[PDB]
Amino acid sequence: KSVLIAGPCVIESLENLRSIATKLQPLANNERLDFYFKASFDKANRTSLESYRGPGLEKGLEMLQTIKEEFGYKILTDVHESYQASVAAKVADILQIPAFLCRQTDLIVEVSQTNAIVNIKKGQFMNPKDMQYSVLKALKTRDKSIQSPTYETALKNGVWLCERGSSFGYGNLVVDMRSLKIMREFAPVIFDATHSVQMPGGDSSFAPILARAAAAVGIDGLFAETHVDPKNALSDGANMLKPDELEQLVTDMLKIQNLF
């Protein structure tokens, strides 16, 4: 199975979560996919003090648990701070470490101490080669005998890497497709199609093109933020896909992967 992680940027309300969960039911039911439903309980990095932050740890977790029970979905959420991981892991099947915390050893350790799959997002500032050290920190936490991070050992112990592009001047990200190959020597690689676009004069219309490229290089899965009505989303409305758009991207991924 190829992994598909999909859902809204942030938890906006239980009824929006149900609405997107419903629209994702077809992808969730697809035999070729290992599906996880995603939603952040807090947006720590917003541009303004007034910006919507999410329901927070306790309330957001209750809502995601509701989705898990009503739709039967496995759950992914991100953690930003100490003492969140153990609480979140009771609900979340995957715990994601955000790109800017990708070298934060205490957080890597804390998450790897839970039963969750660890998804480590590559910082836009990182050499892909250097992500091996983040993987090894997680692997040593689960199995102290491990000395070298490799794909099979990382797969076995539930430690994955996620590509979201690299800084390219100011306010531009580029996806170095070579990074998918380099990183996959260390761990299963998920491609983040929605946060890897940013261009001066950002534009989600590139997300499908990058996803197709990525699938052709070789990836273990796809991460894409999706929302039933992006123009009325509370965060990242410009980059998020509608469910129909996501379905096209996934269809193309599967057709490419079925060649190789």
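Each residue number is its position in the shown sequence, starting from 1.
Across the two stretches, 139 to 147 and 171 to 179, the PDB entry reports the greater mean Cα temperature factor for 139 to 147.
The question of which stretch, 15 to 23 or 237 to 245, has the higher mean Cα B factor is settled in favour of 237 to 245. Across the options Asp220, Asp42, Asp192, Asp34, the residue with the most elevated CA B-factor in the record is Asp42. Ranked by C-alpha B-factor against the other modelled residues of its chain, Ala207 falls in the middle third. Ranked within its chain, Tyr73 lands in the middle third, by CA B factor from the PDB record. The deposited CA B-factor of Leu64 belongs to the middle third of values across its chain. In this PDB entry, the Cα temperature factor of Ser82 sits in the top third of its chain's modelled residues, the highest group. Among the modelled residues of its chain, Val3 has a C-alpha B-factor that falls in the lowest third, as given in the PDB entry.
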